[PDB]
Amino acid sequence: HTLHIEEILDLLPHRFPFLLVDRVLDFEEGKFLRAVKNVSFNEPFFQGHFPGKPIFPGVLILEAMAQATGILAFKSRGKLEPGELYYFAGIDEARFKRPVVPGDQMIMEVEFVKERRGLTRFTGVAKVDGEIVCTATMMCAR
């Protein structure tokens, strides 16, 4: 089940310049979601990060993966009511393996692990050209 940007705008509250999921390529509710973030030079953070040497910030890969958990959570468990937020509570073992750059299509896979102590736990893995560029464990809650 693919979701394009209009479906994504309907599910997440994030807007420009902080909506970092461009497409959902597949998902299974309560299990996994696979999303794309297209990395382009024409994104506003690249001016600053860095002048002459565009590097996609590692913190935004964490953000983009956490957004993809949001989409899975909303498809799986129900949409947010207006004014409610899906909290990003924490991150374990964020590892940045190599630089993500303009022209990269970052494919992100997030998996639901469990609920434990009031949080929902996901693992994320981001790849470019089949190679892992980032992993992390993310905790979120409604």
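All residue numbers refer to positions in the sequence shown, first residue = 1.
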message: Test of understanding: from the entry's C-alpha B-factors, which stretch has the higher mean, 90-98 or 104-112?
response: 90-98
- prompt: Per the entry, where is the mean C-alpha temperature factor higher: 71-79 or 40-48?
  reply: 71-79
- line: From the entry's CA B-factor values, the highest among 132, 20, 12, 24 is 132
- request: Pull the Cα B-factor of residue 33 out of the PDB entry and bin it into the chain's lowest, middle or highest third.
  value: middle
task: Could you tell me which third, lowest, middle or highest, the C-alpha B-factor of residue 125 occupies within its chain?
output: middle
